[PDB]
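Trainee: Sharing a structure with you now.
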There are 2 protein chains.
Amino acid sequence: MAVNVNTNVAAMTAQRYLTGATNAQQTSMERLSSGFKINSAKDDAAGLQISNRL
Amino acid sequence: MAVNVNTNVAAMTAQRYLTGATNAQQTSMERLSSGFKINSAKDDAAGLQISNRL
């Protein structure tokens, strides 16, 4: 990609990464607020099942 | 184990040994009040039987 105005791939990359850091921030803050490492099934399914059984 | 906030295993250890010590204290104080080593059958049941016969 040469010099142009209609497109900006760097802007896409940056925001893609930013949103990645944002989801990381949100999950870390959720874990800190709840005090639990597995609050739902998407964290660890087997871990969630074994913790529920315990 | 690492640093966490929801579970306090050391507190549970302390509570368990505290209740054990409290039960021992209550048993000793009951024995001192009654003047009898055997008050129920949970303390030397056969001893209770032979002492009752005596």
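Residues are referred to by chain and number: the chain letter is A, B, ... according to the order shown in the structure tokens, the number counts from 1 in that chain, and ligands are numbered separately from 1 in the order shown.
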Do you have, as a Markdown table, the list of residues of chain A lying at most 12 Å from chain B, each with its nearest atom pair and that distance in Å to one decimal, counting only C-alpha atoms and ordered by chain then number?
Mentor:
| residue | atom | partner | partner_atom | distance |
| --- | --- | --- | --- | --- |
| A:31 | CA | B:4 | CA | 11.2 |
| A:32 | CA | B:5 | CA | 9.5 |
| A:33 | CA | B:5 | CA | 10.5 |
| A:34 | CA | B:6 | CA | 9.1 |
| A:35 | CA | B:6 | CA | 6.3 |
| A:36 | CA | B:6 | CA | 7.8 |
| A:37 | CA | B:4 | CA | 10.2 |
Trainee: Mind dumping the selected residues with N, CA and C atoms as an mmCIF file, in the first residue's frame?
Mentor:
data_model
loop_
_atom_site.group_PDB
_atom_site.id
_atom_site.type_symbol
_atom_site.label_atom_id
_atom_site.label_comp_id
_atom_site.auth_asym_id
_atom_site.auth_seq_id
_atom_site.Cartn_x
_atom_site.Cartn_y
_atom_site.Cartn_z
ATOM 1 N N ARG A 31 -12.231 -10.686 36.866
ATOM 2 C CA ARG A 31 -11.662 -11.671 37.784
ATOM 3 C C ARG A 31 -11.278 -11.032 39.111
ATOM 4 N N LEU A 32 -10.706 -9.827 39.074
ATOM 5 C CA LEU A 32 -10.340 -9.162 40.322
ATOM 6 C C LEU A 32 -11.568 -8.768 41.135
ATOM 7 N N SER A 33 -12.622 -8.284 40.474
ATOM 8 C CA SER A 33 -13.811 -7.855 41.202
ATOM 9 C C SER A 33 -14.564 -9.037 41.798
ATOM 10 N N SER A 34 -14.713 -10.124 41.038
ATOM 11 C CA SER A 34 -15.406 -11.298 41.550
ATOM 12 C C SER A 34 -14.557 -12.109 42.516
ATOM 13 N N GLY A 35 -13.234 -12.045 42.390
ATOM 14 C CA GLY A 35 -12.375 -12.913 43.164
ATOM 15 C C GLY A 35 -12.298 -14.328 42.644
ATOM 16 N N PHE A 36 -12.857 -14.590 41.466
ATOM 17 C CA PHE A 36 -12.885 -15.923 40.887
ATOM 18 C C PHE A 36 -12.182 -15.924 39.536
ATOM 19 N N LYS A 37 -11.383 -16.966 39.309
ATOM 20 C CA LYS A 37 -10.671 -17.131 38.049
ATOM 21 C C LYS A 37 -11.572 -17.635 36.929
#
Trainee: Mind the document's chain letters and residue numbers, and return as a VMD selection string the residues of chain B that DSSP labels helix (DSSP H, G or I).
Mentor: chain B and resid 9 to 34 45 to 53
Trainee: Output the selection as an mmCIF file, in the first residue's frame - N, CA and C atoms for each residue.
Mentor:
data_model
loop_
_atom_site.group_PDB
_atom_site.id
_atom_site.type_symbol
_atom_site.label_atom_id
_atom_site.label_comp_id
_atom_site.auth_asym_id
_atom_site.auth_seq_id
_atom_site.Cartn_x
_atom_site.Cartn_y
_atom_site.Cartn_z
ATOM 1 N N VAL B 9 -7.608 -20.888 53.852
ATOM 2 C CA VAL B 9 -7.395 -22.238 54.365
ATOM 3 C C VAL B 9 -6.743 -22.195 55.742
ATOM 4 N N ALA B 10 -5.837 -21.241 55.962
ATOM 5 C CA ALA B 10 -5.212 -21.104 57.274
ATOM 6 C C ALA B 10 -6.242 -20.745 58.337
ATOM 7 N N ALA B 11 -7.198 -19.881 57.987
ATOM 8 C CA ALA B 11 -8.285 -19.571 58.908
ATOM 9 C C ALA B 11 -9.095 -20.818 59.235
ATOM 10 N N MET B 12 -9.304 -21.689 58.246
ATOM 11 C CA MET B 12 -10.024 -22.934 58.493
ATOM 12 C C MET B 12 -9.239 -23.857 59.417
ATOM 13 N N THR B 13 -7.919 -23.939 59.225
ATOM 14 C CA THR B 13 -7.077 -24.704 60.141
ATOM 15 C C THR B 13 -7.222 -24.184 61.564
ATOM 16 N N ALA B 14 -7.135 -22.862 61.720
ATOM 17 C CA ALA B 14 -7.239 -22.259 63.041
ATOM 18 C C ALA B 14 -8.604 -22.520 63.659
ATOM 19 N N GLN B 15 -9.671 -22.424 62.861
ATOM 20 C CA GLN B 15 -11.010 -22.695 63.377
ATOM 21 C C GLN B 15 -11.157 -24.148 63.810
ATOM 22 N N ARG B 16 -10.639 -25.085 63.013
ATOM 23 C CA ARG B 16 -10.744 -26.498 63.366
ATOM 24 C C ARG B 16 -10.027 -26.789 64.677
ATOM 25 N N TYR B 17 -8.789 -26.308 64.810
ATOM 26 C CA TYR B 17 -8.060 -26.574 66.044
ATOM 27 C C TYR B 17 -8.645 -25.802 67.221
ATOM 28 N N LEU B 18 -9.236 -24.632 66.967
ATOM 29 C CA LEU B 18 -9.907 -23.888 68.025
ATOM 30 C C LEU B 18 -11.124 -24.642 68.543
ATOM 31 N N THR B 19 -11.925 -25.216 67.643
ATOM 32 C CA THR B 19 -13.074 -26.001 68.087
ATOM 33 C C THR B 19 -12.630 -27.265 68.812
ATOM 34 N N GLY B 20 -11.546 -27.895 68.353
ATOM 35 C CA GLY B 20 -11.023 -29.043 69.080
ATOM 36 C C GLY B 20 -10.594 -28.686 70.492
ATOM 37 N N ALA B 21 -9.856 -27.582 70.630
ATOM 38 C CA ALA B 21 -9.422 -27.137 71.950
ATOM 39 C C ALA B 21 -10.610 -26.753 72.822
ATOM 40 N N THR B 22 -11.626 -26.120 72.231
ATOM 41 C CA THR B 22 -12.821 -25.754 72.986
ATOM 42 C C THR B 22 -13.563 -26.989 73.479
ATOM 43 N N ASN B 23 -13.678 -28.018 72.636
ATOM 44 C CA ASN B 23 -14.323 -29.255 73.065
ATOM 45 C C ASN B 23 -13.545 -29.916 74.197
ATOM 46 N N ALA B 24 -12.213 -29.946 74.087
ATOM 47 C CA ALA B 24 -11.405 -30.508 75.166
ATOM 48 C C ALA B 24 -11.573 -29.708 76.453
ATOM 49 N N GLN B 25 -11.618 -28.379 76.338
ATOM 50 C CA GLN B 25 -11.817 -27.525 77.503
ATOM 51 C C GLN B 25 -13.165 -27.788 78.158
ATOM 52 N N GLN B 26 -14.218 -27.928 77.351
ATOM 53 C CA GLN B 26 -15.540 -28.210 77.898
ATOM 54 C C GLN B 26 -15.575 -29.564 78.590
ATOM 55 N N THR B 27 -14.943 -30.578 77.992
ATOM 56 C CA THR B 27 -14.895 -31.892 78.628
ATOM 57 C C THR B 27 -14.170 -31.829 79.967
ATOM 58 N N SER B 28 -13.019 -31.152 80.001
ATOM 59 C CA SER B 28 -12.256 -31.049 81.242
ATOM 60 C C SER B 28 -13.030 -30.284 82.308
ATOM 61 N N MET B 29 -13.697 -29.195 81.917
ATOM 62 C CA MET B 29 -14.454 -28.406 82.879
ATOM 63 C C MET B 29 -15.660 -29.176 83.404
ATOM 64 N N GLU B 30 -16.317 -29.960 82.546
ATOM 65 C CA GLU B 30 -17.408 -30.808 83.014
ATOM 66 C C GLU B 30 -16.907 -31.859 83.997
ATOM 67 N N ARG B 31 -15.765 -32.485 83.693
ATOM 68 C CA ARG B 31 -15.204 -33.474 84.608
ATOM 69 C C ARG B 31 -14.817 -32.852 85.942
ATOM 70 N N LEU B 32 -14.316 -31.615 85.929
ATOM 71 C CA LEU B 32 -13.981 -30.941 87.178
ATOM 72 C C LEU B 32 -15.221 -30.529 87.961
ATOM 73 N N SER B 33 -16.292 -30.123 87.272
ATOM 74 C CA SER B 33 -17.532 -29.783 87.962
ATOM 75 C C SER B 33 -18.144 -31.009 88.624
ATOM 76 N N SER B 34 -18.283 -32.100 87.869
ATOM 77 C CA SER B 34 -18.925 -33.293 88.404
ATOM 78 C C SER B 34 -18.038 -34.045 89.385
ATOM 79 N N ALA B 45 -17.075 -46.584 78.039
ATOM 80 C CA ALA B 45 -18.391 -47.199 78.206
ATOM 81 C C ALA B 45 -18.331 -48.430 79.106
ATOM 82 N N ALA B 46 -17.377 -49.327 78.848
ATOM 83 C CA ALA B 46 -17.212 -50.489 79.715
ATOM 84 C C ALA B 46 -16.825 -50.068 81.125
ATOM 85 N N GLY B 47 -15.980 -49.041 81.240
ATOM 86 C CA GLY B 47 -15.685 -48.482 82.547
ATOM 87 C C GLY B 47 -16.928 -47.967 83.242
ATOM 88 N N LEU B 48 -17.827 -47.337 82.483
ATOM 89 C CA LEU B 48 -19.095 -46.884 83.042
ATOM 90 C C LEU B 48 -19.912 -48.061 83.555
ATOM 91 N N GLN B 49 -19.955 -49.152 82.788
ATOM 92 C CA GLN B 49 -20.710 -50.324 83.225
ATOM 93 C C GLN B 49 -20.139 -50.913 84.509
ATOM 94 N N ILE B 50 -18.815 -51.083 84.577
ATOM 95 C CA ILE B 50 -18.245 -51.710 85.767
ATOM 96 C C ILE B 50 -18.369 -50.777 86.968
ATOM 97 N N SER B 51 -18.213 -49.464 86.767
ATOM 98 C CA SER B 51 -18.400 -48.529 87.872
ATOM 99 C C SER B 51 -19.846 -48.504 88.346
ATOM 100 N N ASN B 52 -20.807 -48.609 87.425
ATOM 101 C CA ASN B 52 -22.208 -48.686 87.823
ATOM 102 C C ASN B 52 -22.476 -49.944 88.636
ATOM 103 N N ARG B 53 -21.921 -51.080 88.206
ATOM 104 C CA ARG B 53 -22.099 -52.306 88.978
ATOM 105 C C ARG B 53 -21.434 -52.207 90.346
#
